Amino acid sequence: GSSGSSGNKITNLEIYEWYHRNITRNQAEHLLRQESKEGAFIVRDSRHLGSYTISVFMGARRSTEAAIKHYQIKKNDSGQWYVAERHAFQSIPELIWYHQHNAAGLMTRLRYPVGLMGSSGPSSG
């Protein structure tokens, strides 16, 4: 089971921008699609569980199509978050703290930290 508690939680992500909360698969990807540039990454919650998933834009090879990956952040017995299942951290905002400078997990070096306030994008129709 999963039931929150009374009051605000210690962990604060909303403060950041790369932490896209209150979104869904479509949103995560959609946002990246707008950037369509290697690096565009983000962080959302797993409607399934109280976890967090990182959505990065890989982009096709011949820049002809779009590519978006989804790295689910799991936790080990040591209650540490990890994406590459090789480097465990103590806080969510800590795992990406380094990654940004150096992936360190067969992942692209985050370049464009897609934040809540997106740059700009046209509307369907």
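- This entry lists solution NMR as its structure determination method.

- The PDB entry annotates the chain as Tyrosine-protein kinase TXK of Homo sapiens.
- According to the record, the entry carries the title "Solution structure of the SH2 domain of human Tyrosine-protein kinase TXK".

Some remarks on the packing of aromatic side chains
- Overall, the coordinates contain four aromatic pairs when judged by the stated rule.
- Seen from their ring centres, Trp-18 and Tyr-19 are 6.5 Å apart, and the 65 degrees between their planes marks the pair as edge-to-face.
- Judged by centre distance (6.2 Å) and plane angle (75 degrees), the rings of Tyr-52 and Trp-81 are edge-to-face. In this pair, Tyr-52 sits in strand β2 (residues 49–57) while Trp-81 sits in strand β4 (residues 81–82), placing the two residues 29 residues apart along the sequence.
- Classification of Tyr-52 by relative accessible area gives buried; the value is 10%.
- Aromatic rings pair up to connect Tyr-16, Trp-18, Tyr-19, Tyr-52 and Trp-81 into one cluster.
- For the cation-ring pair, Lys-75 lies above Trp-81, with the distance from its terminal atom to the ring centre recorded as 5.9 Å.

Concerning the nonpolar core
- Within the largest apolar cluster, 19 residues are counted, with the highest numbers of intra-cluster contacts made by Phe-41, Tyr-52, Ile-54, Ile-73 and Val-83.
- Listing elements by their share of this core, those giving two or more residues are β2, β3 (68–75) and α2 (92–99).
- With near-sequence residues (within four places) excluded, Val-83 lies in contact with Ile-54, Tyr-71, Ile-73, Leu-95 and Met-107.
- Grouped together as the second largest cluster of nonpolar side chains are nine residues, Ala-28, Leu-31, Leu-32 and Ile-42 included.

Things to note about the sheet that holds β4
- Taking strand neighbours across the sheet as the criterion, the four strands line up as β1-β2-β3-β4 in an open arrangement whose pairing is antiparallel. A single partner strand is all that each edge strand has here, and the edge strands are β1 (43–46) and β4.
- Across the sheet, helix α1 (residues 25–35) lies against β1, β2 and β3, angled at about 20 degrees from β2, the strand it touches most.

Observations concerning the environment of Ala-67
- As for its position among the elements, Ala-67 is in the loop between β2 and β3.
- Considered as a pair, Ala-67 and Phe-57 are 10 residues apart in the sequence and their alpha carbons are 5.6 Å apart.
- In this structure, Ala-67 is in contact with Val-56, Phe-57, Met-58, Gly-59 and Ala-60, ignoring residues within four places of it in sequence.

Some remarks on the pattern of salt bridges
- For the structure on display, the rule yields two salt bridges.
- Salt-bridge contacts for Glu-14 lead to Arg-21; the nearest nitrogen and oxygen are separated by 3.0 Å.
- Note on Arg-21: relative accessible area 35%, which makes it partly exposed.
- We note a salt bridge from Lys-37 to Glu-35, for which the minimum N-O separation is 3.0 Å.

Quick notes on the rules
Residues numbered from 1 in each chain as written, not as in the entry; some residues may be left out. Heavy atoms only, no water. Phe/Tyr/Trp six-rings, centres within 6.5 Å; stacked < 30°, edge-to-face > 60°. Helix = DSSP H or I, 4+ residues; strand = E, 2+ residues; numbered from the N terminus. Buried < 20%, exposed > 50% of the residue type's maximum accessible area, 1.4 Å probe, protein only. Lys NZ or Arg CZ within 6 Å of the ring centre and 35° of its normal. Core = buried A, V, L, I, M, F, W, Y, C linked by side-chain atoms within 4.5 Å. Contact = heavy atoms within 4.5 Å. Pairing = 2+ DSSP bridges. Axes fitted to C-alpha atoms, helices over the stretch in contact; angles between N-to-C directions. Salt bridge = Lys/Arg side-chain N within 4 Å of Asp/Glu carboxyl O.

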